[PDB]
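Coming up is one lone chain in structure tokens, specifically the form deposited in one PDB entry.
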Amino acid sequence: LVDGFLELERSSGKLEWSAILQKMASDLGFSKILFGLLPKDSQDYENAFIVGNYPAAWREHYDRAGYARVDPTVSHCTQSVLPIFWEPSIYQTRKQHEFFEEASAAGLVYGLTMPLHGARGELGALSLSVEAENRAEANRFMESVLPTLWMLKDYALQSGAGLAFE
């Protein structure tokens, strides 16, 4: 993990940094990731530093639909430092239901979001999806790697913030 952080901090460019972070997620056993970060006092959710390998057409749709205002992981990130697991119970509103359905059609069904709060007031999220036969298998996988992930998100936040905002 620390060697991963060192590779992140020796990377030259957004593309390289993204490739290293994706590989670190993938080595941990996740399949898709999205690292998103805004500068301090921005909720300008389109003009964020966004990196990872979610389907391009899903990312476009998420912006066009205004899903930053619906996605329950986003409001959760504004209120907590703790992870929020993509459980059926987090989708409550009708819009949140439609969100779940469309993300699911995008292959994003099981996973978690780690909120990111940087030392200069950066606000973000690291979301990671997992391929699994069922939610039970998914949840067990995520519990087995949660301590590594919890360290990873802070190493990603610290390196990423310097890359995004220099």
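Just count from 1 along the sequence shown to find any residue number. Definition used throughout: the rigid core is the maximal C-alpha set that superposes within 1.5 Å between two forms.
Undergrad: Do the C-alpha atoms of 34-42 or of 111-119 have the higher average B factor in the entry?
TA: If you average the C-alpha B-factors of 111-119 and of 34-42, the larger mean comes out for 34-42.
Undergrad: Hey, which bit's got the bigger mean C-alpha B factor in the entry, 129-137 or 60-68?
TA: The recorded data point to 129-137.
Undergrad: Highest CA temperature factor in the entry: which of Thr148, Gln22, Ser12, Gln158?
TA: That would be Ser12.
Undergrad: What third of its chain's C-alpha B-factors does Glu16 belong to: lowest, middle or highest?
TA: Answer is middle: the recorded C-alpha B-factor places it there.
Undergrad: With respect to C-alpha B-factor, does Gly52 fall in the lowest, middle or highest third of the chain as deposited?
TA: CA B-factor rank for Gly52: lowest third.
If you look for the form deposited in another entry, you will not find it shown, but the lines that follow are about it.
Undergrad: By the 2 angstroms cut-off, has the C-alpha of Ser11 moved between this form and the one not shown once the rigid core is superposed?
TA: Result for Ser11: yes, a 2 Å-plus shift.
Undergrad: Taking 2 Å as the cut-off, check whether the CA of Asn47 shifts that much or more between this form and the one not shown after a rigid core fit.
TA: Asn47: C-alpha displaced by 2 Å or more between this form and the one not shown.
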